[PDB]
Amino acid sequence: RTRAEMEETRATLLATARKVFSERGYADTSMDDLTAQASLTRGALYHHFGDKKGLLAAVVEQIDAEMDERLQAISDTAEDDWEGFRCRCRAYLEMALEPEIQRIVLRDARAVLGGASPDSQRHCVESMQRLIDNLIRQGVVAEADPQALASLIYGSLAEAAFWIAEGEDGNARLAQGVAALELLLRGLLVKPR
């Protein structure tokens, strides 16, 4: 087997694990369950991922990449950059009600892996930093260190997403989160709108 072939197989196993965990639940699904449900060869999942936690980490990495792409696209496509930033921040919270993110990232990875890795966190912060730097340069956002401000913003959103995902009434919590978020964000503006 080549590296290329192994990488292709890993990707198929990861996609299938995501599909099964969606239908059945992560805690509910053992490695043997996944093997049976997906009609995989004995040992394939252990060979690629080591253990269930390893599989979960790999799934989370893919999900994270997808999230980053979706969020970057909101601010990239924005007609007004401040509104694009608000929309991106709100979208992060709105993702906490999507079943895969809610369950796999905000419940399962939270409990099993201890939440986002420090590396993943630094990555999210760097992305938000690019946006903040831009808005400061535009004179939209008041002067501050971009990286510092991005850490604060990312932290608020990450915690609020956990909180929304803890509710029996996530829909209610989402509206509350977004409304509170708007009060925090409005102070960033040089000139109120």
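Residue numbers run from 1 along the displayed sequence.
Q: For the C-alpha atoms alone, is the average B factor greater in 164-172 or in 142-150, going by the entry?
A: The stretch with the larger mean CA B-factor is 164-172.
Q: Could you check which stretch, 86-94 or 71-79, carries the larger mean CA temperature factor in the entry?
A: Between 86-94 and 71-79, it is 71-79.
Q: Quick check on the deposited entry: does the C-alpha B-factor of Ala65 sit in the lowest, middle or highest third of its chain?
A: As the PDB entry reports it, the C-alpha B-factor of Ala65 lands in the highest third of its chain.
Q: Select lowest, middle or highest to describe the third in which the CA B-factor of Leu56 falls within its chain in this entry.
A: For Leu56, the deposited C-alpha B-factor lands in the lowest third.
Q: Which third, lowest, middle or highest, does the C-alpha temperature factor of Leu184 belong to within its own chain?
A: It falls in the top third of the chain.
Q: Consider only the C-alpha atoms of the modelled residues in this chain, order them by B-factor as the entry records it, and name the third containing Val20: lowest, middle or highest.
A: Its C-alpha B-factor, which the entry lists for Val20, ranks in the highest third among residues of this chain.
Q: Ranked by Cα temperature factor within the chain, is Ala109 in the lowest third, the middle third or the highest third?
A: Bottom third by C-alpha B-factor.
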